[PDB]
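Single chain ahead, by itself, as structure tokens, in the form deposited in one PDB entry.
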């Protein structure tokens, strides 16, 4: 299968500059060279150039609505184009708002896809529930078909068309949810595994259940959106919103290993890696490294070892 890496150096989805440096950091750490050594064909598309919208005035509380809106429409066009050529897309964030474009362009080709969202946050705040106007916490609000018409039309997002429903998305790692958000997921009935559920069942049971829930009936493509702040701050500290009590390096790799074994991975997002939020040069390498490990794991790398087929090592 072919792989294409698409860099999205965007940070207008939140107040913390530096996230747009994520893609460069992940390459510097050799992400693309390490993927070539797997069983997949890899091509690096490069970084999209995002045009900054002049006089992008705030729409009520939301900030940079036109800049974030345009950025995502441009990304969505690239993802669909590549998805079309029969290739698995790999999106390197900046901030989580880029999830809008990524999933949108993906669904245009595979409208029957399912989303697995690993994050410490649900990011399902609408333009009216948000205490802040940062769009990195509203990504899933622009994608749900059960939320369409539940909030005004934001300047720059007219092109967006709800592509997935509450029943097509499972959350793993939740531990810092806002009131309005916890309301939306209880109301719409979204399947989720917060940290208490992981603690209760174990990572194994969790993955065994998210699959039967999504792939139980039909076998459809999988889009994995991975917010680096889903793992515990001790593992991925260089991020804008770290929260204690997260998934461990081991649990993170287990998820991806199980997702690889399905053979259905079609889309991937490595979001929120902010190289500038490292307290020490090493806290940044730690973050960059585990993110790289999570991507290599998604494409074949196992902890038990790997060896080439038809080669007699003895």
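Numbering follows the first chain given and starts at 1.
Remark: stretch with higher mean C-alpha B factor among 239-247 and 198-206 is 198-206. Higher mean CA B-factor, judged across 209-217 and 167-175 from the recorded values: 209-217. When the C-alpha B factors of 223, 136, 121, 150 are read from the deposited coordinates, the top value falls at 150.
Highest CA B-factor among the listed residues (271, 253, 277, 264): 277.
Among all modelled residues in its chain, residue 68 ranks in the middle third by Cα B-factor. Sorting the modelled residues of the chain by their CA temperature factor places residue 227 in the lowest third. Sort the modelled residues of the chain by CA B factor and residue 33 lands in the highest third. Among all modelled residues in this chain, the alpha-carbon of residue 257 has a temperature factor (C-alpha) in the lowest third.
Residue 45 sits in the highest third of its chain by CA B factor, as recorded in the PDB entry.
The following text describes the form solved in complex with a small molecule, which does not appear among the structures shown.
The stretch among 198-206, 101-109, 158-166, 118-126 whose residues place heavy atoms within 4.5 Å of the small molecule in the deposited complex is 118-126.
With a 4.5 Å cutoff on heavy atoms, residue 178 counts as touching the small molecule in the deposited complex. In the deposited complex, at least one heavy atom of residue 132 sits within 4.5 Å of the small molecule. At a distance threshold of 4.5 angstroms between non-hydrogen atoms, residue 83 is out of contact with the small molecule in the deposited complex. Heavy atoms of residue 194 never reach within 4.5 Å of the small molecule in the deposited complex, leaving it off the interface.
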